[PDB]
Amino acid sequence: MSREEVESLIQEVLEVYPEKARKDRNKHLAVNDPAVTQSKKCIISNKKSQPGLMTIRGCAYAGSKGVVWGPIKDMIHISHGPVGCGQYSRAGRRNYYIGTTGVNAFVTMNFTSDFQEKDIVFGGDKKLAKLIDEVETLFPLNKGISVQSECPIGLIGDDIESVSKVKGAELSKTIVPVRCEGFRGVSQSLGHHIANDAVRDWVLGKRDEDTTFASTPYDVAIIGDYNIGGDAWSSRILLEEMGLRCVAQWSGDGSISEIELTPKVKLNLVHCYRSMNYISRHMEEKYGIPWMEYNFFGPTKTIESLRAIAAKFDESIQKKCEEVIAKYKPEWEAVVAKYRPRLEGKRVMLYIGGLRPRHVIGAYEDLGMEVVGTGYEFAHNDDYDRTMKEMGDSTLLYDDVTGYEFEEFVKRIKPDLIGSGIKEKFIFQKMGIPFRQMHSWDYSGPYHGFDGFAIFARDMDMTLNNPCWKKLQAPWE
């Protein structure tokens, strides 16, 4: 389709809306121009969702508990408020870890204060204090507690900060109050920011004056990899084969101690910019630690990233960088040789959260595929700035896409594959369009690194070329 056709598609789709919604949604849909460096000339983002239009977004609790805090494996995270939020988010996100669950690690468990009417009427701070003592008795090897606030906490005027301070002092325990109530902000995004500030205020400074850790010039931290199906592990391996020492992973398979040791590193490597740019900027400001964005989706980006990271260190790391690149060369080349012929020219539309809608484009292009439409649930304009140069001219961009819009765009564009979430999956399969989950990796992965690229290629091929897609029309009609 041409720019003019995409513009007219946008206009036809928006005809359904009442005037107020139409005028708003027009500002969140655009036709890409890769010459643009200021996305605030072309698209609006990080605004409230219009009521009644079936946004795909979650809330600040999803962004804090679900995303940033929940993966930290040796702490206990309390879903504080009524029973819903903790139950729906229990083990839904594949933030992988090594541990003994219920004993020293707690990630897939649902701890909650299960608010009842009396907790709403009279407040939950007494219940929270009692809950903390009960946690200590029954889970003695926990290394810290977080309190993840659900909607009612702030609304009823509870003081979880006081409870955290008092109980933390009593038990000589790190207890972190997180004000991530879902009424705050407009999406998962403000939850990231809230969660980052809570790490800064309650955890990250514990070892500021403690110099027992023996540092090396090659110490780094992986910032913003939540280890989905092992993604952080298949990244970590490469960084350490390159001669670096990965002191911390934020927060996939993360431990409280590695978070506390992070201010001792020489370089913060940021994968998810959206969710952890806040704490990365803080660590540069306070500790003088530089940070850099990188991308481990597919061989082209992984190679570029390894080289850019290695360039921050000495010749010895740069030499190991090229050794790593040479090692994996035949492996990814074999992947390309097998799968690229099966996927060449196929067109993909994406819709994901705050990073992957741009970050995976390179991987698709390494298999000869074209990303013809992309968009984000909760990205900000700084994400869109990074997206416009990654997308082709005259491609479609959508911010906080409505269910209706996403369906209607797909009907006209007719992509060969869609990459989105669980609420999207079954709609598009019924339309006869191959679908891959690009949050959960459809229970597969890892997709990061060289080892991840093999699995990514296998997965896109198994689904796009599956025999089921030729069978949707009954031969008699």
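Throughout, we count residues from 1 along the sequence that is shown.
Participant: Averaging C-alpha B-factors over each stretch, which comes out higher, 344-352 or 87-95?
Facilitator: For C-alpha atoms only, the mean B-factor is higher in 344-352.
Participant: Give the stretch, out of 289-297 and 310-318, with the larger mean C-alpha temperature factor in the deposited entry.
Facilitator: If you average the C-alpha B-factors of 289-297 and of 310-318, the larger mean comes out for 310-318.
Participant: Among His448, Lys423, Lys40, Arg57, which carries the highest Cα B-factor?
Facilitator: Among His448, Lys423, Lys40, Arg57, the PDB entry lists the largest C-alpha B-factor for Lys40.
Participant: When you compare the CA B-factors of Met242, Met75, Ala379, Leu128 as listed in the entry, which one comes out on top?
Facilitator: If I rank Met242, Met75, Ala379, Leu128 by C-alpha B-factor, first place goes to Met242.
Participant: Would the CA B-factor of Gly52 place it in the lowest, middle or highest third of its chain?
Facilitator: CA B-factor rank for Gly52: middle third.
Participant: Against its chain's modelled residues, does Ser440's Cα B factor rank lowest, middle or highest third?
Facilitator: Tercile = lowest for this residue's CA B-factor.
Participant: Name the third of the chain's ranked CA B-factors that contains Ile455, choosing lowest, middle or highest.
Facilitator: Its C-alpha B-factor, which the entry lists for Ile455, ranks in the lowest third among residues of this chain.
Participant: Thinking about Cα B factors across the chain, which third does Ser64 belong to?
Facilitator: Lowest third, going by the recorded CA B-factors of the chain.
Participant: When the deposited Cα B-factors of this chain's modelled residues are ordered and cut into thirds, is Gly144 in the lowest, the middle or the highest one?
Facilitator: Answer is middle: the recorded C-alpha B-factor places it there.
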